[PDB]
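S.K.: Contents of data.txt (compact mmCIF, C-alpha atoms and all ligand atoms) are below:
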# COMPACT_ATOMS: atom_id res chain seq x y z
CA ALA G 1 98.63 34.18 161.62
CA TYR G 2 101.02 33.98 158.67
CA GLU G 3 100.65 31.14 156.22
CA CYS G 4 103.86 30.87 154.26
CA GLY G 5 107.39 31.96 153.41
CA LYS G 6 109.88 33.57 155.73
CA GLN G 7 107.07 34.69 158.03
CA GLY G 8 105.54 31.21 158.18
CA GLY G 9 108.57 29.04 158.88
CA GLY G 10 109.25 28.41 155.21
CA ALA G 11 105.88 26.77 154.60
CA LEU G 12 104.55 26.54 151.05
CA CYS G 13 101.02 27.21 149.85
CA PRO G 14 98.96 24.37 148.35
CA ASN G 15 97.99 24.06 144.69
CA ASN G 16 100.59 26.53 143.42
CA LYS G 17 99.25 29.47 145.38
CA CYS G 18 101.73 32.31 145.55
CA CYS G 19 103.22 33.36 148.84
CA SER G 20 103.10 37.15 149.03
CA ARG G 21 105.93 39.30 150.33
CA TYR G 22 103.98 39.49 153.61
CA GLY G 23 103.58 35.72 154.11
CA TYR G 24 100.05 34.99 152.89
CA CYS G 25 98.74 32.66 150.17
CA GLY G 26 96.83 33.70 147.05
CA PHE G 27 96.82 34.54 143.35
CA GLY G 28 97.08 37.80 141.41
CA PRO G 29 99.67 40.58 141.39
CA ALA G 30 99.64 41.15 145.17
CA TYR G 31 100.79 37.55 145.77
CA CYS G 32 102.52 36.41 142.57
CA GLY G 33 104.18 39.70 141.60
CA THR G 34 106.90 41.75 143.28
CA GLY G 35 108.11 40.00 146.44
CA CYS G 36 106.53 36.62 145.66
CA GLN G 37 108.30 34.02 147.80
CA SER G 38 107.01 30.76 146.32
CA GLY G 39 104.23 29.16 144.28
CA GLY G 40 103.31 30.26 140.75
CA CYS G 41 105.17 33.58 140.89
CA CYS G 42 104.98 35.84 137.86
CA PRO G 43 107.57 36.20 136.71
CA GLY G 44 108.90 32.93 138.07
CA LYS G 45 111.45 33.06 140.86
CA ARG G 46 115.08 33.06 139.73
CA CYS G 47 116.86 29.73 139.85
CA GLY G 48 119.76 27.63 138.57
CA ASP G 49 123.03 28.97 137.20
CA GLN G 50 121.49 32.43 137.19
CA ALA G 51 120.79 32.36 140.93
CA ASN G 52 123.72 30.68 142.73
CA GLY G 53 122.26 27.21 142.13
CA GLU G 54 118.98 27.86 143.96
CA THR G 55 116.20 25.40 143.22
CA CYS G 56 112.59 26.33 142.52
CA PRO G 57 110.08 26.06 145.36
CA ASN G 58 107.03 23.80 144.98
CA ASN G 59 108.97 21.50 142.63
CA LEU G 60 108.69 23.94 139.73
CA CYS G 61 111.07 23.49 136.80
CA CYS G 62 114.02 25.82 136.36
CA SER G 63 114.19 27.00 132.75
CA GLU G 64 117.31 27.43 130.63
CA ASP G 65 116.96 31.16 131.33
CA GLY G 66 116.78 30.64 135.11
CA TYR G 67 113.11 31.19 135.87
CA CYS G 68 110.71 28.85 137.66
CA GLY G 69 107.67 27.45 135.87
CA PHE G 70 106.00 24.49 134.19
CA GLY G 71 105.54 23.41 130.57
CA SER G 72 108.06 22.47 127.91
CA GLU G 73 109.66 25.91 128.02
CA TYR G 74 110.67 25.20 131.63
CA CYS G 75 110.83 21.42 132.07
CA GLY G 76 111.98 20.48 128.55
CA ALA G 77 115.12 21.43 126.65
CA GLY G 78 117.61 23.29 128.85
CA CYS G 79 115.81 22.54 132.11
CA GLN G 80 118.24 23.06 135.01
CA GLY G 81 116.25 21.55 137.88
CA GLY G 82 112.97 20.37 139.28
CA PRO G 83 110.99 17.72 137.43
CA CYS G 84 112.82 18.12 134.13
CA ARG G 85 111.66 15.81 131.36
CA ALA G 86 115.19 14.40 131.12
CA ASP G 87 116.15 11.70 133.61
CA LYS G 88 118.23 13.05 136.48
CA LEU G 89 121.42 11.19 137.43
CA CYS G 90 122.87 10.90 140.94
CA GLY G 91 125.39 8.99 143.06
CA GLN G 97 126.19 14.22 143.76
CA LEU G 98 123.07 14.04 145.92
CA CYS G 99 119.68 14.73 144.36
CA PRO G 100 118.36 18.26 144.88
CA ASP G 101 115.46 18.94 147.25
CA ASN G 102 115.73 15.65 149.15
CA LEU G 103 114.82 13.51 146.14
CA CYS G 104 115.80 9.87 146.52
CA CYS G 105 118.77 8.52 144.59
CA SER G 106 117.68 5.05 143.53
CA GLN G 107 119.90 1.98 143.54
CA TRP G 108 120.26 2.57 139.78
CA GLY G 109 121.51 6.14 140.13
CA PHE G 110 118.44 8.16 139.18
CA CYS G 111 116.59 10.81 141.19
CA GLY G 112 112.93 10.45 142.06
CA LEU G 113 110.29 9.91 144.72
CA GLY G 114 108.13 6.87 145.45
CA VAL G 115 109.09 3.34 146.45
CA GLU G 116 111.13 2.59 143.31
CA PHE G 117 113.49 5.40 144.30
CA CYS G 118 113.11 5.68 148.07
CA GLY G 119 112.49 2.01 148.91
CA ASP G 120 114.82 -0.98 148.60
CA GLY G 121 118.26 0.10 147.44
CA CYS G 122 117.75 3.81 148.08
CA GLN G 123 121.20 5.38 148.37
CA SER G 124 120.36 8.86 149.61
CA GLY G 125 117.72 11.56 149.97
CA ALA G 126 114.35 10.83 151.55
CA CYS G 127 114.79 7.05 151.74
CA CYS G 128 111.90 5.12 153.31
CA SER G 129 113.95 3.32 155.92
CA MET G 130 117.70 3.66 156.41
CA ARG G 131 119.30 2.26 159.54
CA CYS G 132 121.94 4.08 161.55
CA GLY G 133 123.60 4.46 164.95
CA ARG G 134 124.02 1.77 167.61
CA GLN G 135 121.56 -0.39 165.71
CA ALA G 136 123.56 -0.42 162.47
CA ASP G 137 127.18 -0.66 163.61
CA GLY G 138 127.58 3.11 163.90
CA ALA G 139 126.48 3.84 160.33
CA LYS G 140 125.94 7.55 159.65
CA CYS G 141 122.95 9.06 157.86
CA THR G 142 123.36 10.67 154.45
CA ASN G 143 122.09 14.17 153.61
CA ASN G 144 123.01 15.35 157.12
CA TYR G 145 119.82 13.73 158.40
CA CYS G 146 119.48 12.81 162.07
CA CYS G 147 119.81 9.30 163.43
CA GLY G 148 116.81 8.61 165.66
CA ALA G 149 116.92 6.88 169.03
CA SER G 150 115.82 3.59 167.48
CA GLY G 151 118.29 3.85 164.63
CA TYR G 152 116.34 5.13 161.64
CA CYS G 153 117.45 8.12 159.57
CA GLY G 154 115.16 11.12 159.26
CA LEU G 155 114.43 14.73 160.15
CA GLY G 156 112.00 16.46 162.48
CA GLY G 157 111.57 16.07 166.21
CA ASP G 158 111.14 12.30 166.26
CA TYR G 159 114.66 11.89 164.84
CA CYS G 160 116.61 15.03 165.77
CA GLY G 161 114.94 15.40 169.16
CA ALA G 162 115.50 13.43 172.36
CA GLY G 163 117.36 10.18 171.68
CA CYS G 164 119.14 11.53 168.60
CA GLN G 165 122.37 9.60 168.03
CA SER G 166 124.07 11.57 165.25
CA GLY G 167 123.64 14.25 162.61
CA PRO G 168 122.36 17.73 163.47
CA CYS G 169 120.74 16.63 166.73
CA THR G 170 118.85 18.95 169.07
CA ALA Q 1 102.56 24.98 166.41
CA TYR Q 2 101.56 22.63 163.60
CA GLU Q 3 103.43 23.11 160.33
CA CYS Q 4 101.47 21.33 157.64
CA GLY Q 5 98.49 19.24 156.55
CA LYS Q 6 95.01 19.33 158.06
CA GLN Q 7 96.38 20.58 161.39
CA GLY Q 8 98.46 23.31 159.74
CA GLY Q 9 95.76 24.82 157.55
CA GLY Q 10 96.76 22.85 154.45
CA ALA Q 11 100.31 24.18 154.27
CA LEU Q 12 103.01 22.13 152.56
CA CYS Q 13 106.49 21.47 153.93
CA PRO Q 14 109.51 22.92 152.10
CA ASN Q 15 111.98 20.78 150.16
CA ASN Q 16 109.69 17.74 149.82
CA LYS Q 17 109.63 17.14 153.57
CA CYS Q 18 106.85 14.77 154.53
CA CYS Q 19 103.87 15.99 156.48
CA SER Q 20 103.22 13.44 159.23
CA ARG Q 21 99.76 12.27 160.24
CA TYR Q 22 100.02 14.76 163.14
CA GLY Q 23 100.86 17.81 161.02
CA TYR Q 24 104.62 18.21 161.36
CA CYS Q 25 107.40 18.22 158.76
CA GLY Q 26 110.19 15.65 158.55
CA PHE Q 27 111.66 12.57 156.91
CA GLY Q 28 111.79 8.90 157.90
CA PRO Q 29 108.97 6.51 158.66
CA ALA Q 30 107.28 8.63 161.35
CA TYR Q 31 106.65 11.39 158.79
CA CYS Q 32 106.65 9.69 155.39
CA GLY Q 33 104.95 6.43 156.36
CA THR Q 34 101.39 5.65 157.41
CA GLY Q 35 99.17 8.75 157.38
CA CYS Q 36 101.68 10.91 155.53
CA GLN Q 37 99.69 13.88 154.19
CA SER Q 38 102.09 15.42 151.68
CA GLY Q 39 105.72 15.66 150.59
CA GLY Q 40 107.83 12.64 149.66
CA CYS Q 41 105.58 10.05 151.28
CA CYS Q 42 106.63 6.42 151.10
CA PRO Q 43 104.79 4.86 149.60
CA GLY Q 44 103.50 7.79 147.57
CA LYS Q 45 100.04 9.16 148.27
CA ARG Q 46 97.27 7.73 146.12
CA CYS Q 47 96.12 9.96 143.27
CA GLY Q 48 94.08 10.25 140.09
CA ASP Q 49 91.87 7.32 139.12
CA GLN Q 50 92.84 5.73 142.44
CA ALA Q 51 91.93 8.69 144.65
CA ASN Q 52 88.68 10.12 143.30
CA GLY Q 53 90.70 12.37 141.00
CA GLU Q 54 92.72 14.08 143.73
CA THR Q 55 96.03 15.41 142.43
CA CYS Q 56 99.34 14.86 144.22
CA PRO Q 57 100.41 17.52 146.73
CA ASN Q 58 103.56 19.58 146.03
CA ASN Q 59 103.26 19.01 142.25
CA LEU Q 60 104.33 15.38 142.40
CA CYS Q 61 103.51 13.25 139.37
CA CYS Q 62 100.68 10.75 139.54
CA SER Q 63 101.79 7.44 138.04
CA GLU Q 64 99.66 5.13 135.91
CA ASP Q 65 99.16 3.02 139.04
CA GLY Q 66 97.90 6.00 141.05
CA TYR Q 67 100.87 6.76 143.29
CA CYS Q 68 102.61 10.10 143.79
CA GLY Q 69 106.30 10.45 142.94
CA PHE Q 70 108.97 11.68 140.54
CA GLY Q 71 111.08 10.03 137.85
CA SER Q 72 110.13 8.44 134.54
CA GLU Q 73 108.03 5.85 136.37
CA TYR Q 74 105.78 8.64 137.64
CA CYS Q 75 106.07 11.58 135.21
CA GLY Q 76 106.69 9.53 132.06
CA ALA Q 77 104.54 6.98 130.25
CA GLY Q 78 101.12 6.68 131.87
CA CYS Q 79 101.42 9.82 134.01
CA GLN Q 80 97.91 11.02 134.86
CA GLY Q 81 98.69 14.24 136.73
CA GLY Q 82 101.22 16.74 137.99
CA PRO Q 83 104.14 17.84 135.81
CA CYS Q 84 103.94 14.90 133.39
CA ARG Q 85 106.50 14.88 130.58
CA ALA Q 86 103.67 15.13 128.05
CA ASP Q 87 102.33 18.55 127.12
CA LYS Q 88 98.91 19.38 128.53
CA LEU Q 89 96.32 21.00 126.27
CA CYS Q 90 93.71 23.50 127.46
CA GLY Q 91 91.36 26.17 126.10
CA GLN Q 97 88.86 23.46 129.48
CA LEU Q 98 90.79 24.61 132.55
CA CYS Q 99 94.23 23.44 133.61
CA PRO Q 100 94.61 21.44 136.84
CA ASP Q 101 96.20 22.81 140.01
CA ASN Q 102 95.73 26.48 139.02
CA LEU Q 103 98.15 26.12 136.11
CA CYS Q 104 97.91 28.88 133.52
CA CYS Q 105 96.33 28.20 130.15
CA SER Q 106 98.56 30.04 127.69
CA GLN Q 107 97.34 31.96 124.67
CA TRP Q 108 98.42 28.90 122.65
CA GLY Q 109 96.28 26.49 124.68
CA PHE Q 110 98.83 24.70 126.84
CA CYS Q 111 99.14 24.44 130.62
CA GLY Q 112 102.11 25.77 132.57
CA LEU Q 113 103.50 28.44 134.87
CA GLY Q 114 105.80 31.37 134.22
CA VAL Q 115 105.22 34.39 131.99
CA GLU Q 116 104.86 32.44 128.73
CA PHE Q 117 101.78 30.80 130.22
CA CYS Q 118 100.54 33.28 132.83
CA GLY Q 119 101.43 36.56 131.13
CA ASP Q 120 100.06 38.18 127.98
CA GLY Q 121 97.23 36.15 126.50
CA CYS Q 122 96.75 33.96 129.57
CA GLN Q 123 93.25 32.50 129.35
CA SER Q 124 92.77 30.99 132.82
CA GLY Q 125 94.51 29.73 135.94
CA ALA Q 126 97.05 31.79 137.84
CA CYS Q 127 97.26 34.58 135.25
CA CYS Q 128 99.69 37.42 136.07
CA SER Q 129 97.32 40.27 135.35
CA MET Q 130 93.86 39.35 134.14
CA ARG Q 131 91.48 42.30 134.33
CA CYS Q 132 87.92 42.14 135.62
CA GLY Q 133 85.06 44.12 137.15
CA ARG Q 134 84.16 47.74 136.49
CA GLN Q 135 87.67 48.41 135.16
CA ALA Q 136 87.12 45.73 132.49
CA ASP Q 137 83.50 46.51 131.62
CA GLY Q 138 82.09 43.80 133.88
CA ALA Q 139 84.35 40.97 132.76
CA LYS Q 140 84.23 37.85 134.94
CA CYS Q 141 87.25 36.02 136.35
CA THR Q 142 87.84 32.37 135.53
CA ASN Q 143 88.46 29.51 137.99
CA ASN Q 144 85.96 31.00 140.42
CA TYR Q 145 88.63 33.55 141.33
CA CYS Q 146 87.69 36.86 142.96
CA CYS Q 147 87.79 40.20 141.21
CA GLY Q 148 89.62 42.63 143.49
CA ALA Q 149 88.80 46.30 144.08
CA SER Q 150 91.26 47.53 141.46
CA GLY Q 151 89.98 45.06 138.87
CA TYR Q 152 92.45 42.20 138.82
CA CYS Q 153 91.62 38.51 139.18
CA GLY Q 154 93.07 36.63 142.14
CA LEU Q 155 92.50 34.68 145.34
CA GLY Q 156 93.25 35.45 148.97
CA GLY Q 157 92.29 38.29 151.27
CA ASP Q 158 93.51 40.98 148.87
CA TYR Q 159 91.02 39.91 146.21
CA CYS Q 160 88.16 38.16 148.02
CA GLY Q 161 88.11 40.58 150.95
CA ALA Q 162 87.23 44.27 151.12
CA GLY Q 163 86.26 45.69 147.73
CA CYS Q 164 85.73 42.33 146.05
CA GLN Q 165 83.59 42.89 142.96
CA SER Q 166 82.67 39.37 141.85
CA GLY Q 167 83.46 35.72 142.38
CA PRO Q 168 83.24 34.08 145.81
CA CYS Q 169 83.73 37.25 147.86
CA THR Q 170 83.50 36.67 151.60
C1 LIG V 1 114.11 3.57 139.94
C2 LIG V 1 115.08 3.96 138.83
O1 LIG V 1 116.21 4.40 139.07
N1 LIG V 1 114.58 3.84 137.60
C3 LIG V 1 115.31 4.37 136.44
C4 LIG V 1 114.35 5.16 135.57
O2 LIG V 1 113.84 6.27 136.32
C5 LIG V 1 115.11 5.65 134.36
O3 LIG V 1 114.22 6.39 133.51
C6 LIG V 1 115.69 4.45 133.62
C7 LIG V 1 116.49 4.95 132.42
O4 LIG V 1 116.98 3.83 131.68
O5 LIG V 1 116.58 3.70 134.47
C8 LIG V 1 115.92 3.22 135.67
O6 LIG V 1 114.91 2.26 135.34
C1 LIG V 2 103.42 28.91 125.84
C2 LIG V 2 102.88 27.62 125.24
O1 LIG V 2 101.67 27.38 125.24
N1 LIG V 2 103.78 26.85 124.61
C3 LIG V 2 103.42 25.52 124.11
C4 LIG V 2 104.50 24.54 124.49
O2 LIG V 2 104.62 24.52 125.93
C5 LIG V 2 104.13 23.17 123.97
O3 LIG V 2 105.19 22.23 124.27
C6 LIG V 2 103.93 23.25 122.44
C7 LIG V 2 103.46 21.88 121.92
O4 LIG V 2 103.29 21.92 120.49
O5 LIG V 2 102.91 24.22 122.12
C8 LIG V 2 103.24 25.54 122.59
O6 LIG V 2 104.44 25.98 121.98
Translate the structure of the given file into structure tokens.
M.R.:
Amino acid sequence: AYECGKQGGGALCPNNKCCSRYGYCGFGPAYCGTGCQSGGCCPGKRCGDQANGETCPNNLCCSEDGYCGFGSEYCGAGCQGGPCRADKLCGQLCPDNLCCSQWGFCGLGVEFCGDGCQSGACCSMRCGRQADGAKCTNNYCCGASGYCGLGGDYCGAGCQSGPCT
Amino acid sequence: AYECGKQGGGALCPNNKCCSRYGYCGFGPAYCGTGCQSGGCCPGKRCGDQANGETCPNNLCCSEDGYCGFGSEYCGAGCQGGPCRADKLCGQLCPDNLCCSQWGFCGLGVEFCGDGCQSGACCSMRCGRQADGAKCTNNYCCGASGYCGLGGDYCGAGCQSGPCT
């Protein structure tokens, strides 16, 4: 049974484990080297302006030079994406389903996803019949009971709008 | 089949999708709310000095208050884990399999994991008979051909040292 990557339904490995070209999790050249799909690849996966705007998997930072990693060389000056040290503006959805707060910054946690959340993975956004026909942002599904989200509970039976079924 | 979490062998969802209490990926309260296992949970998972030292899944930042998220509130002042904005010294392992560079900082990518990597997910750290009996760090396995790693390719057939199976 595959664990990760294109063989494993796009799953990631935990704790920065590399997903090999064959869809298994580990560390060392066999996993992190040629063909590495995600995790702490070496070299890092290509990203940003150097790779058609692709983001890094596992919330790695995209360096100025368009490689995925962590540390100041990746997250600091010139960082193109992921958890860059610079605040990330939005209003222009946040990458990778991050919440755009009421104040126009990207993040996760209640301060971003809770009250006033504009877009991304908001805690509770109403939609459909139950909200005057409001549509979900981010091409999320409206669930049968009028909350925005993804996965079967929202896109499955009952789904009111967005990429249902 | 299960996708994530305990039920899915510890896999993470892609793109910060929440892992529900039942082991499926999505967004909205059914996935991100009570019993959320990973991803952009709301509220964030507990972490650090509020979770017996457990780090956030998916490389989220652990805030001062012990919640998982992103943004300055989480990664900035008071951050106690994940990709904090502060540099992280090592020499003392890095958390979450991060590479300890030759300069004694934690990160990922070749500047950390490549030449002079001390520990963590090093690109190509030699071990075993090929390295005159050198041990791997991090309780990694030494593979048949004398590289340090984890996963079947290193801990399986031919494993020289570490927690071979
Ligand atoms: C929830 C939210 O959007 N908070 C932001 C914070 O992340 C950002 O660092 C700050 C910059 O002035 O502005 C707000 O407080
Ligand atoms: C590869 C590496 O270890 N680089 C680190 C850098 O990440 C850190 O920000 C700096 C702090 O003084 O020390 C080194 O330059």
S.K.: Please, which residues of chain Q lie no more than 7 Å from chain G when the count uses all atoms listed in the file, and can they be set out as a short mmCIF file (atom, residue, chain, number, x, y, z; two decimals) with C-alpha atoms, in the frame of the given file?
M.R.:
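Result file selection.cif:
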data_model
loop_
_atom_site.label_atom_id
_atom_site.label_comp_id
_atom_site.auth_asym_id
_atom_site.auth_seq_id
_atom_site.Cartn_x
_atom_site.Cartn_y
_atom_site.Cartn_z
CA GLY Q 10 96.76 22.85 154.45
CA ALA Q 11 100.31 24.18 154.27
CA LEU Q 12 103.01 22.13 152.56
CA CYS Q 13 106.49 21.47 153.93
CA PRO Q 14 109.51 22.92 152.10
CA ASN Q 15 111.98 20.78 150.16
CA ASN Q 16 109.69 17.74 149.82
CA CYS Q 25 107.40 18.22 158.76
CA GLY Q 26 110.19 15.65 158.55
CA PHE Q 27 111.66 12.57 156.91
CA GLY Q 28 111.79 8.90 157.90
CA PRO Q 29 108.97 6.51 158.66
CA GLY Q 40 107.83 12.64 149.66
CA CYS Q 42 106.63 6.42 151.10
CA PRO Q 43 104.79 4.86 149.60
CA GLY Q 44 103.50 7.79 147.57
CA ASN Q 58 103.56 19.58 146.03
CA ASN Q 59 103.26 19.01 142.25
CA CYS Q 68 102.61 10.10 143.79
CA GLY Q 69 106.30 10.45 142.94
CA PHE Q 70 108.97 11.68 140.54
CA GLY Q 71 111.08 10.03 137.85
CA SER Q 72 110.13 8.44 134.54
CA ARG Q 85 106.50 14.88 130.58
CA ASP Q 87 102.33 18.55 127.12
CA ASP Q 101 96.20 22.81 140.01
CA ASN Q 102 95.73 26.48 139.02
CA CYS Q 111 99.14 24.44 130.62
CA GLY Q 112 102.11 25.77 132.57
CA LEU Q 113 103.50 28.44 134.87
CA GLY Q 114 105.80 31.37 134.22
CA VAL Q 115 105.22 34.39 131.99
CA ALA Q 126 97.05 31.79 137.84
CA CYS Q 127 97.26 34.58 135.25
CA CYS Q 128 99.69 37.42 136.07
CA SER Q 129 97.32 40.27 135.35
CA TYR Q 152 92.45 42.20 138.82
CA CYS Q 153 91.62 38.51 139.18
CA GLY Q 154 93.07 36.63 142.14
CA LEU Q 155 92.50 34.68 145.34
CA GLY Q 156 93.25 35.45 148.97
#
S.K.: Work out where the centre of an axis-aligned box around every listed atom of ligand LIG 2 (chain V) lies and how long its edges are once 6 Å is added on each side; give both in Å to one decimal as lines of an AutoDock Vina configuration file.
M.R.:
center_x = 103.4
center_y = 25.4
center_z = 123.2
size_x = 15.5
size_y = 19.0
size_z = 17.4
S.K.: Tell me, as a PDB file with C-alpha atoms, keeping the file's coordinate frame, which residues lie within 8 Å of residue Q:140, counting all atoms listed in the file; anything in the same chain fewer than 5 positions away does not count.
M.R.:
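Dumped everything to result_38.pdb:
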ATOM      1  CA  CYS Q 132      87.920  42.140 135.620  1.00  0.00           C
ATOM      2  CA  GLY Q 133      85.060  44.120 137.150  1.00  0.00           C
ATOM      3  CA  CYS Q 147      87.790  40.200 141.210  1.00  0.00           C
ATOM      4  CA  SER Q 166      82.670  39.370 141.850  1.00  0.00           C
ATOM      5  CA  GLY Q 167      83.460  35.720 142.380  1.00  0.00           C
TER       6      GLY Q 167
END
S.K.: Between atom CA of residue G:120 and atom CA of residue G:108, measure the distance and give it in Å to one decimal.
M.R.: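 Going from atom CA of residue G:120 over to atom CA of residue G:108, I get 11.0 Å.
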S.K.: Could you state the separation of atom CA of residue G:6 and atom CA of residue G:51 in Å, given to one decimal place?
M.R.: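 Interatomic distance here is 18.4 Å.
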S.K.: G:131, G:141, G:121, G:77: which is nearest ligand LIG 2 (chain V), counting all atoms listed in the file?
M.R.: G:77
S.K.: What is the atom CA of residue G:139-atom CA of residue G:168 distance in Å, reported with one decimal?
M.R.: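 Interatomic distance, atom CA of residue G:139 to atom CA of residue G:168: 14.8 Å.
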